[PDB]
Amino acid sequence: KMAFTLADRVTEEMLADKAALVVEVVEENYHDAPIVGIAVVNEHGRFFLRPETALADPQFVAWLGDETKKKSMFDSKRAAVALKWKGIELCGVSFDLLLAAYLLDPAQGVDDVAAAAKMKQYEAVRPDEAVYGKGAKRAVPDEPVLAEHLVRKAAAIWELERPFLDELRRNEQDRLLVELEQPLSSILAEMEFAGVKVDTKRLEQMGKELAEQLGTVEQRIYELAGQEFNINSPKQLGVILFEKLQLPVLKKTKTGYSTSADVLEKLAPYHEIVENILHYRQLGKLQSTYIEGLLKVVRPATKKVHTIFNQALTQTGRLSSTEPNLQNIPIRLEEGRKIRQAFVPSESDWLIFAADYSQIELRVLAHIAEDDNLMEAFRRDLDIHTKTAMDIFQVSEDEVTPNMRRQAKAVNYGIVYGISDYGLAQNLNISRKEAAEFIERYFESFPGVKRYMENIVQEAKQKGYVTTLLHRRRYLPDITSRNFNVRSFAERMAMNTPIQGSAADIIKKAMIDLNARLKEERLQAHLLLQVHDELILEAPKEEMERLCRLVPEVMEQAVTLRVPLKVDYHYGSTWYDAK
DNA sequence: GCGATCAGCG
DNA sequence: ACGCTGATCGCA
Ligand SMILES: [Ca+2]
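The deposited numbering applies: residue 298 is where the first sequence begins, and numbers increase by one.
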């Protein structure tokens, strides 16, 4: 039902200077994944190519790599990384429909062309699920069915760039798409393809040591509980704790007894099995997720893991990291922080460099709320987390333990993002009246932040959405809900999303300026990871000096706020030593 | 498949 | 009854 050429060879009319392009990687994880078909829609017609044909043709490769030949795509990063695994560069992507859809409404969860087309009442294209099937029935269909479905996706991309750019313009998001998200998409492709090298010997050794520490812990648990049970099964774990040992019930999930770590820490005075269980889970978490899980996804030839950065998933504009998640590698506990010793540079004589913004969401909040005292605090380069530990625990700066600090870190974010006195009290083991009066005092020092939280909720109510400093947008329909719980979660979304998503935009612009900087300095240094407010690079040791002077300035200068941005930086032989 | 849990980022 | 994630595991 759609006219197109099944091309046997590459012709000149498939090489126009503007085109919609589809490079299908059906595999979920597109690293080293097969390319199953290629479709080109342009002013001369609709063409389907087999990858063996086109990806071996010198003119087609030349056309993919030519930045002056513009391509419109859905999920250009997926295509670009699959082609990198094939020795082929893709440039000139001028429109990425996936990222256009994402800016317009991140809650749609657009994950194929058909879902984004629907936003503009375009339906001449099928959902990928309907073509490839789900689960274990997943299959590339036959060439005639595959070819039409790629051509329909391409035709759809072709027809929708203009209506999508039009809405982006009205929303003030067009420069956000073309100058921020699409450039960032090429950078993330380089980072994902480059990978991070992993010391598998060291990781293997930790795994053998974790196995023997686990049993030993697991044994004391069995002799304290009397019997044995699936310590991971809250069924009999509940029966052990809140029935056999008769410990108080402090929380009930919808399932039953809550055995979460906040509860267990509160039961620590009652019995010496709750601490062992906690130590057991920690050791379990390290062994399943970061020892075993990491070794599974290591590419054996190179000992590099290749994350996938989701750019169009989170509701606030942050990235997300998947298979493996390299954005929640342990750091706070010593046993788990040792895992970062396994993450090493990909080349002898190279080092890891890591820079990060100091309390960036609070600096943003100070800029957006225009709160005098909060702006002054950061113009003094105060550490508000330590200064809050001092007020909480009534000590001096020298006496602030890192524990008291991370606790005040949660009070600072918790208070500004709507924590209740109940919630503040559960986290400080103080009375609920003390927690309420601390929150009153805290908004005495920062009335401008209080005004800001009231106003942003009135602005959500009026407009239907909240925006970020760079005009990322998030619809909050529940902000006017009649249900008190549903309305309150939406109010705290209105207080949080403009801040957290403004910090995501800032580090996104920083990454873009960093790459351009590294290119004019022509350094071999390159990004490896982004962990929300931290940029981790690797580089030859000969380049660290330059990087110490370039990376902080580039980050601090990404945007200009009414308070300065602060950046800490370290380097070392491993990611461990880079903090 | 989903809820609980927990690792990280703020 | 602060917010944003992803992986693992058990299953009331
Ligand atoms: Ca930080």
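Beta carbons are placed, not taken as given, at the ideal position from N, Cα and C, and that holds for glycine.
Check, Outcome
"To the nearest angstrom, how far is the alpha carbon of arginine 814 from that of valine 422?", "41 angstroms"
"Just list the residues that DSSP pairs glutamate 321 with in beta bridges.", "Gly334"
"Would you call the CB atoms of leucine 401 and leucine 477 closer than 9 angstroms?", "no"
"So is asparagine 527 buried or exposed if we call it buried at 16+ other beta carbons inside 10 Å?", "exposed"
"For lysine 450 and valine 410, what's the separation of their Cα atoms in angstroms?", "6 angstroms"
"Looking at ligand 1, does it come within less than 8 angstroms of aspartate 830, judged from the CB to the closest heavy atom?", "yes"
"Could you please give the first and the last residue of the uninterrupted beta strand (DSSP E) stretch that includes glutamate 835?", "831-837"
"Between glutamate 420 and the rest of its own chain, which residues show a CB-CB distance below 7 angstroms, the 5 nearest in sequence each way excluded?", "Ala414"
"Could you please give me the residues that DSSP links to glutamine 827 through a beta bridge?", "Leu832"
"Kindly indicate the opening and closing residues of the beta strand (DSSP E) around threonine 619.", "617-619"
"Where in the stretch 418-506 do unbroken runs of the beta strand (DSSP E), each at least 3 residues long, occur, reported from the N-terminal end onward?", "493-495"
"Judging by CA-CA distance, which residue of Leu564, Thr599, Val860, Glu620 is the nearest neighbour of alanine 666?", "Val860"
"Buried or exposed: which applies to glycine 553, given that a residue is buried once 16 or more other Cβ atoms fall within 10 Å of its Cβ?", "exposed"
"Measuring from the CB of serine 655, is there a heavy atom of ligand 1 at a distance below 8 angstroms?", "yes"
"Enumerate in chain order the residues of its own chain whose CB-to-CB distance from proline 531 is below 6 angstroms, with the five nearest sequence positions on each side excluded.", "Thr556"
"Under 7 angstroms Cβ to Cβ from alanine 404, same chain only, skipping five residues before and after it: list those, please.", "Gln612, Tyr772"
"Leaving out five residues on either side along the sequence, give the residues of the same chain with a beta carbon under 6 angstroms from the beta carbon of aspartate 354.", "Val307"
"Among all the DSSP beta bridges, which residues are the ones paired with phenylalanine 345?", "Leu303, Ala336"
"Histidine 867 bridges to which residues according to DSSP?", "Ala651"
"Bridge partners of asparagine 607, per DSSP?", "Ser617"
"Between the stretch 581-598 and the stretch 798-812, can you find at least three pairs of beta-carbon atoms closer than 8 angstroms?", "no"
"Which of helix, strand or coil does DSSP assign to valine 390?", "strand"
"Contact defined as beta carbons within less than 8 angstroms: I believe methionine 852 pairs with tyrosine 714. What is the distance between those atoms, to the nearest angstrom?", "Between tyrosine 714 and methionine 852 the Cβ distance is about 24 angstroms, and since that is not below 8 angstroms, they are no contact."
"For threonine 764, name the three-state secondary structure that DSSP assigns.", "strand"
"Between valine 338 and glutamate 456, what straight-line distance do the alpha-carbon atoms span, to the nearest angstrom?", "10 angstroms"
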